[PDB]
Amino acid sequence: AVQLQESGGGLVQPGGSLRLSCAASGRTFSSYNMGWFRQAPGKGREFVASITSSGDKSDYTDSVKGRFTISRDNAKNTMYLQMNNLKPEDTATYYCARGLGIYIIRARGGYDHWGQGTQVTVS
């Protein structure tokens, strides 16, 4: 069973920068689309960004476009989320997930294999 693990979370000042990582076990990382979601208390788990298997296309929720950058290193079984110009509204547990089907989508139903999450707190 492929498992995913987030890291890189922490406490960061408004306007600051953090880079998250998602590491996958197994040997099929590059065969699947991947995504990042976030959940704050009192809210549900919501789309942040996604990237195709090859890296050829990416997608973002409107509130993070221009601030956050998703990428992947297919030779290292790792996805990243570079988060710049962080805002208080970005505070959440961030989860990585593996795409279902061949199309990257924004719906919560479009991914599985959720990690346990990494906490990001913007003062």
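One-based numbering along the sequence shown.
Stretches compared: 38 to 46, 65 to 73. Higher mean C-alpha B-factor in the entry: 38 to 46. For the two regions 10 to 18 and 107 to 115, the entry's Cα B-factors average higher over 10 to 18.
As recorded in the entry, 84 carries the highest CA temperature factor of 84, 93, 53, 78.
Sort the chain's modelled residues by C-alpha temperature factor and residue 57 lands in the middle third, per the entry. Per the PDB record, residue ranking by Cα B-factor puts residue 28 in the highest third of the chain.
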